[PDB]
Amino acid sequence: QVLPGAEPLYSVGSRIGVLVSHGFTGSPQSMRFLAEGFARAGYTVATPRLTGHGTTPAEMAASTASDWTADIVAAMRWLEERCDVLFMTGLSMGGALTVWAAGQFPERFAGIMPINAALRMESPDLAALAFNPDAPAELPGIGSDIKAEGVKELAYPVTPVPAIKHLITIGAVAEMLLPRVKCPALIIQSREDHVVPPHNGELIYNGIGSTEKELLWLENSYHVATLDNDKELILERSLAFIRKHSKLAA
């Protein structure tokens, strides 16, 4: 069964498509505001629900980085039936997936919008859980890192430990592919992040092969920005990004 508010969200629109990716332990709902704003300028929109996500933490414990990347690729396929121009955006690990997609498929995307991309967790305590024989099955969850008041994120309350390695792999693979990313990039990174070291934003800026790159520092937001109060601005600045580079409908 799928937890309520965490169903996947695919709107049919023009020949312009946006792939919108949620994060680790999270669901599309953290993304549901942003995906909706795209589906309303008419774009075709795919917001997949990653394997193991939005159901049970035990099912996530059995999900791999191969699964999640396959979920992204199925979402592209779906989009590529309906579109000649594609774009991707994601949050956190979903932002690491964005950097991965643009690099795996150097030519597929017209531009990307990584927000708080989980490239380098920079946390030794997390790495100690990746291959630790004696670790407990569950740990406290990492969600709701938001400045706004009363704003909850629907994300698992536990971090299933045997999935941690996979988060690290996507971050690492993504970082190693930075040189190949050629498309325009609007990198979105909170000034203060308690989950992901915001040096990730600058890592990306210096790393990518793109000559059409801009870093946008958030200011009244923490990690889960798409739900924050700096969020309306993201949707806004994102749309102006799509337009400048798509050149279609628009």
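For every residue, the number given is its place in the sequence shown, counted from 1.
Engineer: Between 55 to 63 and 190 to 198, which has the higher average C-alpha B-factor in the PDB entry?
Structural biologist: It is 190 to 198.
Engineer: Comparing average C-alpha B factors as deposited, tell me which of 38 to 46 and 210 to 218 sits higher.
Structural biologist: Between 210 to 218 and 38 to 46, it is 210 to 218 that shows the higher mean C-alpha B-factor.
Engineer: Have a look at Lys152, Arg120, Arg108, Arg180 and flag the one whose Cα has the highest B-factor in the entry.
Structural biologist: Highest C-alpha B-factor among the listed options: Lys152.
Engineer: Just say lowest, middle or highest third for the CA B-factor of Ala148 relative to the other modelled residues in its chain.
Structural biologist: Highest third of the chain for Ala148's C-alpha B-factor.
Engineer: When the modelled residues of the chain are sorted by Cα temperature factor, does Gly23 land in the lowest, middle or highest third?
Structural biologist: It belongs to the lowest third of the chain when residues are ordered by C-alpha B-factor.
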